[PDB]
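A.B. asks: Provided hereafter are the protein sequence and its experimental coordinates.
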Amino acid sequence: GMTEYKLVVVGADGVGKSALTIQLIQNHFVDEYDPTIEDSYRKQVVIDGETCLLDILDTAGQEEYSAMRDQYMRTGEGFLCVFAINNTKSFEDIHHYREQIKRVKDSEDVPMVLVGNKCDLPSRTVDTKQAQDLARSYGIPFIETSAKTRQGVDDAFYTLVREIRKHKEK
Ligand SMILES: Cc1cc(N)nc(-c2c(Cl)cc3c(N4C[C@H]5CC[C@@H](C4)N5)nc(OC[C@@]45CCCN4C[C@H](F)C5)nc3c2F)c1C(F)(F)F
Ligand SMILES: Nc1nc2c(ncn2[C@@H]2O[C@H](COP(=O)(O)OP(=O)(O)O)[C@@H](O)[C@H]2O)c(=O)[nH]1
Ligand SMILES: [Mg+2]
């Protein structure tokens, strides 16, 4: 049997949620993906010898807090909170995503990774120390990624799976 891990990718428009997801699954950079499409993708992987199935929701669309939308998000076991290292506003929004996840999950201990995407670009408007400090304040890992080159992408998703696997053992 293989365990299935339900992962949700969140963050502002344009941070690279779709490119990160498509890069992880299909091993290629999709540069101008329709910003309005939300979809889910699966991939069979081996993490620390465990053959398992990832089910990843790439979020998009309207911000809305209906009971049905909350319940759908509540089925997520782990969350990647993504910002772009060249977009200060996307980094300022991270606290909001963390707050909504903690509310629907009814806990401060939710498997989560802070992802600083577009690390292939030299314009670091978001300070590295500030992002590391934010991740430290939540007790979660901070991983820099590039959906373009795949740098850090497997590490971000596999770290999240390791956090879920550990959370289920509590
Ligand atoms: C657990 C949970 C429950 C639940 N019901 N919904 C969510 C959720 C989702 Cl699914 C999408 C959001 C979203 N959109 C999806 C994509 C990205 C931007 C746009 C709209 N298209 N935007 C915002 O906030 C946007 C900002 C800017 C304007 C005012 N808001 C408040 C802050 F300033 C940030 N939050 C979002 C959000 F919270 C979540 C969670 F957290 F998991 F994502
Ligand atoms: N250079 C670079 N561009 C990226 C990267 N990830 C995404 N992009 C670009 O940033 C834009 C937004 O990406 P997208 O996947 O649509 O973001 P989403 O709105 O969060 O789904 C697109 O023009 C992508 O080509 C990355 O790691 N590096
Ligand atoms: Mg998208």
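C.D. replies: The structure has been received and is ready for your questions. Residues are numbered from 1 along each chain as shown. Ligands and ions are numbered 1, 2, ... in the order given.

A.B. asks: Spell out which residues of the protein are next to ligand 3.
C.D. replies: Contacts of the chain with ligand 3, taken as Cβ under 5 Å from the ion, map to 18, 60. Where C-beta positions appear, they are placed from N, C-alpha and C, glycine not excepted.

A.B. asks: any idea where the strands of the chain begin and end?
C.D. replies: Applying DSSP state E to the chain gives strands spanning 4-10, 39-47, 50-58, 78-84, 112-117, 142-144.

A.B. asks: List the buried residues of stretch 87-102.
C.D. replies: Buried positions in stretch 87-102, judged by neighbour count with 16 or more other Cβ atoms under 10 Å: 87, 90-91, 93-94, 97-98, 100-101.

A.B. asks: Can you give me the end-to-end span of it?
C.D. replies: 24 Å (Cα to Cα, to the nearest Å).

A.B. asks: swap in stretch 60-68?
C.D. replies: 16 Å.

A.B. asks: Next one: it, is it in contact with ligand 1?
C.D. replies: Yes - with Cβ under 6 Å from any ligand atom as the measure, stretch 60-68 is seen reaching ligand 1 through 60-61, 63, 65.

A.B. asks: can the residues you listed go into TSV with extra columns for distance to residue 49 and neighbour count?
C.D. replies: Formatted as TSV, the residues of stretch 60-68 next to ligand 1 follow (distance: Cβ to Cβ, whole Å; neighbours: other Cβ atoms under 10 Å):
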residue	distance to residue 49	neighbour count
60	34	16
61	37	11
63	40	7
65	40	10
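
A.B. asks: wouldn't residue 115 be in contact with residue 84 here?
C.D. replies: No - judged on Cβ atoms under 8 Å, residue 115 makes no contact with residue 84 at a distance of 9.7 Å.
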